[PDB]
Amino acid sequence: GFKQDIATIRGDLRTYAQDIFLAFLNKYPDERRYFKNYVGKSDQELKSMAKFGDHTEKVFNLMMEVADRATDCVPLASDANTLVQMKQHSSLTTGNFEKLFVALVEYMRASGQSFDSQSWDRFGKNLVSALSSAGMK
């Protein structure tokens, strides 16, 4: 289930983080405009960029912490607040998070692992609800 999936991802975090984020950026290539130096590169060229692996692992480290503190796929409001008030997220709206979770759920359903992809879908929708409550447009 959801709680086990957190353990699975954490068990090979940088691999899952890069693969899921790549799924996101491939599904929604115009999302790369929020990042620097990601456009014009294949998957193997992003993976050999140092910043890409490091940053993307930090993103999923935090995502897993937010998932782990949730109850029944409902994140803490303090965690939503953090994600809204991060300088690095100042250009974002909740739609950017919706796209991320659509791609993440799609990746899980295509994978060879026994993920609880409906729970990740509930978590994404609940996180978008919480980001809205915390004042993200």
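Heads up: residue numbers just count along the shown sequence, starting at 1. What we label the rigid core is the largest C-alpha set whose atoms superpose within 1.5 Å from one form to the other.
Farther on average from this form in 6 other deposited structures of this protein lies stretch 31 to 39, the comparison being between 31 to 39 and 95 to 103 by RMS Cα distance after core superposition. Farther from the shown form on average, by C-alpha root mean square after a core fit in 6 other deposited structures of this protein, is 42 to 50, of the stretches 55 to 63 and 42 to 50. Higher mean CA temperature factor, per the PDB entry, when comparing 45 to 53 with 108 to 116: 108 to 116. Annotation for 92 to 100 versus 63 to 71: the higher mean temperature factor (C-alpha) is found in 92 to 100. Per-chain ranking of the deposited C-alpha B factor places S78 in the middle third. Placement of the Cα temperature factor of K27 within the chain: lowest third of the modelled residues, per the deposited record. Ranked by C-alpha B-factor against the other modelled residues of its chain, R10 falls in the lowest third.
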